[PDB]
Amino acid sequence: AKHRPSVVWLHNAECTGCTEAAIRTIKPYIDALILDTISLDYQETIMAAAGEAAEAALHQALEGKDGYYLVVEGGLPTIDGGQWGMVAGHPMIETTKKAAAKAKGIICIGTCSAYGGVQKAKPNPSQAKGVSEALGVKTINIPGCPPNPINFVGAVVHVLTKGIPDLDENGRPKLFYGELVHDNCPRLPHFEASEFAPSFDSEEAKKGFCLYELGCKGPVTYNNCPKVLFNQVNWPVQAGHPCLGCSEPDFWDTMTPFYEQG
């Protein structure tokens, strides 16, 4: 039996869409990944143990002789000593700090762990922060709401087999986030010709005209959505809807109103 690299996966202030996105992987499928490639040693969504048994599983993993990689899903709520987000009676900030200290590498799956995400949007009542801000350490950011499993599983396999991939200025792998959504959008010729839909009921919309006038953030958003698709079938603009800019830091505040460019 060859040793499989230990992965510890924590959930803080999150919707679990990132976990769900990860398990949509098909190269490889998630069962092959955790049976053959990694040892997924803590993961609250799918793990058999609960309560004190689950907490002990975490602590065994954190004390593993071969070390572990850390995946973090969710931002960190810091108000009130961190008490508005707790697991096993511990503030999430405290447990993430502890897991991060001896981690071989830290991957932040999702805009929330990367940048602070939805709970961080104004007026941020929980004083939520991104992992790198909260811990004061560099992270590998796989953002998006949620990221494509191609991007997440790609990063994981890259980290275990090749090292840290080249990161952009916001901590994102250039392999996946090096290009604007817009630059690969099939509606580009419409954008260039100033052929914009004025509304979703318009004939322009029916004809697949550019969605810029309806608030599309593709021109300012770094992601590989039109190139890789989601679920092997589709992406928002193909479904006739503007991009929300969901892989950009703080998009909840920088990209809103979503249906406008104002």
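Note that residue numbering follows the sequence shown and begins at 1.
Out of 53-61 and 228-236, which stretch has the higher average CA B-factor listed in the record? Stretch with the greater average CA B-factor: 53-61.
Do the CA atoms of 180-188 or those of 156-164 have the higher mean B-factor in the entry? Taking the mean B-factor of the alpha carbons in each, 156-164 is higher.
In terms of recorded Cα temperature factor, pick the maximum from 220, 193, 46, 216. Highest CA B-factor of the listed options: 193.
What third of the chain, by the recorded C-alpha B-factor, contains residue 125? As the PDB entry reports it, the C-alpha B-factor of residue 125 lands in the middle third of its chain.
Sorting by Cα B-factor within the chain, modelled residues only, which third would residue 109 end up in: lowest, middle or highest? Lowest third, going by the recorded CA B-factors of the chain.
Name the third of the chain's ranked CA B-factors that contains residue 81, choosing lowest, middle or highest. Within its chain, residue 81 is a highest-third residue by C-alpha B-factor, going by the deposited values.
In terms of the CA temperature factor given in the entry, to which third of its chain does residue 255 belong: lowest, middle or highest? Lowest third of the chain for residue 255's C-alpha B-factor.
Test of reading the entry: by CA B factor among the chain's modelled residues, which third contains residue 173? Within its chain, residue 173 is a middle-third residue by C-alpha B-factor, going by the deposited values.
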